[PDB]
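Take a look at this single chain, the form deposited in one PDB entry, given in structure tokens.
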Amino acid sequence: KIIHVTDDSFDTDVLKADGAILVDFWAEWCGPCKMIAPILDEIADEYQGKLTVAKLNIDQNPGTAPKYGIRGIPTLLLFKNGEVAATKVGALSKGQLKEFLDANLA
């Protein structure tokens, strides 16, 4: 359900994707990241059909993050039509994520 993205499949899975894609940039050592992982799993269920959730481990895929000016994690990028539509840095509750999503999905 949650796309496992890599440095090699980013361009095709995200840039050429047709729809709204939410990309989660994390790393095993990033606590705040591990804190919102459960929330993404649930968001994928509540937004099935109008949103696709993907995740990119920066340690294993150290190339993509820099091209998008990502200065730290956790950081979420909402791609729309092949381009960044909205950005969100830091951990957040279930509510803050839904409000952010509802407002930028319309």
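Quick note: we count residues from 1 along the sequence shown, nothing fancier.
Quick note: we don't show the form solved in complex with a partner chain, though the next part is all about it.
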- request: Using the partner position in the deposited bound form, report whether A17 sits within 4.5 Å of its partner chain, counting heavy atoms only.
  value: no
message: With the partner left out here, check for me: in the deposited bound form, does some heavy atom of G82 sit within 4.5 Å of its partner chain?
response: no
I73, heavy atom within 4.5 angstroms of its partner chain in the deposited bound form: yes
query: Looking in the deposited bound form, any heavy atom of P38 within 4.5 Å of its partner chain?
result: no
